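>>> need a 3D model of the sequence below.
(2 chains)
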Amino acid sequence: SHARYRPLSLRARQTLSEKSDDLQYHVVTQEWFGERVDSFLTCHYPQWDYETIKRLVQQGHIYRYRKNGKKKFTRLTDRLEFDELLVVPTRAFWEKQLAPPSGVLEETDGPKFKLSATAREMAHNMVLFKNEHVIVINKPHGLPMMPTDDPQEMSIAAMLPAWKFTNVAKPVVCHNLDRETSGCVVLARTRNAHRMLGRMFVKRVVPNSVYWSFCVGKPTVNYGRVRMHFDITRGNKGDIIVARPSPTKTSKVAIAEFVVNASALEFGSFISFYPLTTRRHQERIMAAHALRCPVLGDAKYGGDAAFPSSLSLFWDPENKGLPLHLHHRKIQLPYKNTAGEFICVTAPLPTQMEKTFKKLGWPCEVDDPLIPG
Amino acid sequence: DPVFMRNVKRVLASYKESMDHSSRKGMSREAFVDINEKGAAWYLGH
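Numbers count the residues shown, from 1 in each chain, chains lettered A, B, ... in the order given. Below you will find the coordinate block:
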């Protein structure tokens, strides 16, 4: 259950490797003298994948001893020397407080979810961009990205087995969105593709995505930067988020560059957010409190203020159930097209956002030049 | 200048803005800001 693993520094990991006797010493005899390490290990462990062997050797869990009084860490391409030992951890070595790499232990799928015909049809409809390595879908409003506390609710994590068109394994979501946020979601089709794309969703210095939002009221500045420090504390049935202007040790920063594209006079504004971090409800909080303009329909931050009576001709401010006017518009990818530009996937505006734009007279489908291709 | 009325006129001429009413702010600070040992902070949640 992996519940017995503990955080270990390099010193503690080396000490545990020295203490634990759960090791096998393969003697390099004349028949295997001169072979490569990866070849030897692949011939001696048929149950291990090459990825598992590579991770073990490159992280140093498998090493070799040349009768010098010290352990020798090598690459997969190094040759074996005569009359040396190859030290490999056994199964019992990983039962202590030292977690192995992902390939060592064996996971069990167990249950397999069943998707209906209509579910698969809508999953295929939500596809925006498909590639040999990535699939960008258009997640709508109100659909959870992951199974919530109520297991009876549908989710993209449950619809995932519908996007394995020709692969054997289902894709893996690279980044999660809020239940109300709608827009482009990235799913890596390959394990290596996921490992390479995970780098793209950590805190960065240059933004690679856009968020189009309709906020209630126009801020005092057309463009600028927003920087807050969020501290998350566990509450009764929720999370208490404390926003600070100064950093704390238990806090994490949230940074985003905002630009007010168009707006009403002082009653509504259309704003493009370009984030550099990944914090919970980042755009909504930075709009409600930093810009002092709550997103239209954001009942969690500025509830009564998120349903203005100025748009009563268009949206009835009494139902308080209109979708959140925040949309993950455009996202850049590391893959290039035939023209030599990075592929930028764009999602069309939702029904409520298109309706608001048409009522205010703004063009809905416009390319955002601030994120190049 | 027997009575300090220049200061009265100066302080009365500066009435352009009231601290109780905001003209272009949809969100309020008096509903979310509170000072702690580290400084001021916004507390989001019921």
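>>> around chain B, pick out the residues from chain A.
Within reach of chain B by Cβ under 8 Å from any Cβ of the partner chain, chain A has these residues: A:216-218, A:220, A:235, A:238-246, A:248, A:266, A:285, A:288-289, A:292-294, A:301-302, A:305. Where C-beta positions appear, they are placed from N, C-alpha and C, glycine not excepted.
>>> in strands only, show me these.
A:216, A:239-244 (DSSP state E).
>>> quick check: which element contains the residue minimising distance to the centre of chain B?
Centroid-nearest residue in chain B, with Cα atoms, centre = their mean: residue B:19, separated by 3.8 Å. Take DSSP states H and E as the rule and residue B:19 turns out to sit in neither a helix nor a strand.
>>> distance check, it against residue A:185.
45 Å (Cβ to Cβ, to the nearest Å).
>>> sorry, back to before: which among the residues of chain A next to chain B count as buried?
Taking 16 or more other Cβ atoms under 10 Å in any protein chain shown as the criterion, what is buried in those is A:216-218, A:241-244, A:285, A:288-289, A:292-294, A:301-302, A:305.
>>> what's the most distant pair in the residues you listed?
Farthest pair in those (Cβ to Cβ) is A:218 and A:242. Separation: 27.4 Å.
>>> tell me where chain B has helices.
For chain B, the helices defined by DSSP state H occupy B:6-13.
>>> report the distance from the longest strand that chain B contains to the chain centre.
Secondary structure assigned by DSSP E gives strand B:40-44 as the longest strand of chain B. In terms of Cα atoms, centre = their mean, to the nearest Å, the centre of strand B:40-44 is set 18 Å apart from its chain centre.
>>> against residue A:49, how distant is the residue nearest the centre of chain A?
Geometric centre of chain A, nearest residue: residue A:175, 2.7 Å, by Cα atoms, centre = their mean. Per Cβ to Cβ, residue A:175 is found 27 Å from residue A:49.
>>> next: residue A:155.
Applying Cβ to Cβ to residue A:155 and residue A:49 gives a distance of 29 Å.
>>> same check on residue A:63?
Distance, residue A:63 to residue A:49, by Cβ to Cβ: 20 Å.
>>> among those two, which residue is more densely surrounded?
residue A:63 (20 against 12; other Cβ atoms under 10 Å in any protein chain shown).
>>> show the contacting residues for that one.
Counting by Cβ atoms under 8 Å, 6 or more residues apart in numbering or on different chains, residue A:63 makes contact with A:71-74, A:86-87.
>>> okay, and which of these map to strands?
Taking DSSP E, the ones among the contacts of residue A:63 that sit in strands are A:71-72, A:86-87.
>>> pull the most distant pair out of those.
A:71 and A:86, at 11.0 Å, using Cβ to Cβ across these.
>>> which neighbours do the two share?
A:63-65.
>>> starting at the chain centroid, how far to stretch A:26-34?
45 Å.
>>> got the phi and psi for residue A:100?
Backbone torsions of residue A:100, given as degrees, to the nearest 10, read phi -80, psi 170.
>>> in this structure it contacts residue A:59, no?
No - with contacts counted by Cβ atoms under 8 Å, residue A:100 stays clear of residue A:59, the gap being 9.5 Å.
>>> what does chain B have sitting close to chain A?
Checking chain B against chain A by Cβ under 8 Å from any Cβ, the hits are B:23-27, B:32, B:38-46.
>>> one more pass at 10 Å, please.
Within chain B, the positions adjacent to chain A are B:22-29, B:31-34, B:36, B:38-46 by Cβ under 10 Å from any Cβ of the partner chain.
>>> quick check: PyMOL command selecting the buried ones in these.
In PyMOL, a selection of the buried entries from these looks like this (16+ other Cβ under 10 Å):
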select buried, chain B and resi 26+27+32+41+42+44
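>>> for the nearest residue to residue A:98 once chain neighbours are set aside, which three-state class applies?
Leaving aside its chain neighbours, residue A:98 sits nearest to residue A:16 (5.4 Å; criterion: Cβ to Cβ, 6 or more residues apart in numbering or on different chains). Three-state assignment for residue A:16 (DSSP: H, G, I helix; E, B strand; the rest coil): helix.
>>> identify the residues contacting residue A:16.
Residues in contact with residue A:16 (Cβ atoms under 10 Å, 6 or more residues apart in numbering or on different chains) are A:6, A:8, A:93, A:96-98.
>>> give me the buried subset of the residues you listed.
Burial by neighbour count, 16+ other Cβ under 10 Å: within those this picks out A:93, A:98.
>>> quick one: the helices in chain A?
Counting by DSSP H, the helices of chain A are A:10-19, A:37-44, A:50-59, A:117-125, A:156-159, A:191-197, A:282-285, A:351-360.
>>> tell me which of these lies nearest to residue A:78.
Distance to residue A:78, taken as Cβ to Cβ, is lowest for helix A:37-44 among these, at 5.6 Å.
>>> what about residue B:10, neighbour count?
Should you count by other Cβ under 10 Å, residue B:10 turns out to have 9 residues around it.
>>> do the one 5 residues further on as well
The local packing of residue B:15 (other Cβ under 10 Å) involves 7 other residues.
>>> tell me the spacing between it and residue B:29.
From residue B:15 across to residue B:29, the span is 22 Å (Cβ to Cβ).
>>> and for residue A:115?
Distance of residue A:115 to residue B:29, computed by Cβ to Cβ: 48 Å.
>>> just give the nearest non-adjacent residue to residue A:204, would you?
residue A:276 (5.5 Å).
>>> close enough to count as contact, the one you found and residue A:207?
Yes - using Cβ atoms under 10 Å, residue A:276 makes contact with residue A:207 at a distance of 5.8 Å.
>>> for the residue nearest to residue A:278 when sequence neighbours are not counted, give its distance to residue A:258.
Leaving aside its chain neighbours, residue A:278 sits nearest to residue A:201 (6.4 Å; criterion: Cβ to Cβ, 6+ apart). According to Cβ to Cβ, residue A:201 stands 20 Å off from residue A:258.
>>> give me the more crowded residue out of those two.
Higher neighbour count among residue A:201 and residue A:258: residue A:258, with 25 against 14, using other Cβ under 10 Å.
>>> residue contacts, that one?
Taking Cβ under 10 Å, 6+ apart, we find residue A:258 in contact with A:211, A:213, A:215, A:219, A:221-226, A:271-275, A:283, A:286-287, A:290-291, A:293.
>>> same question, residue A:169
With Cβ under 10 Å, 6+ apart, residue A:169 has these contacts: A:161, A:189-191.
>>> with that, I have no additional questions.
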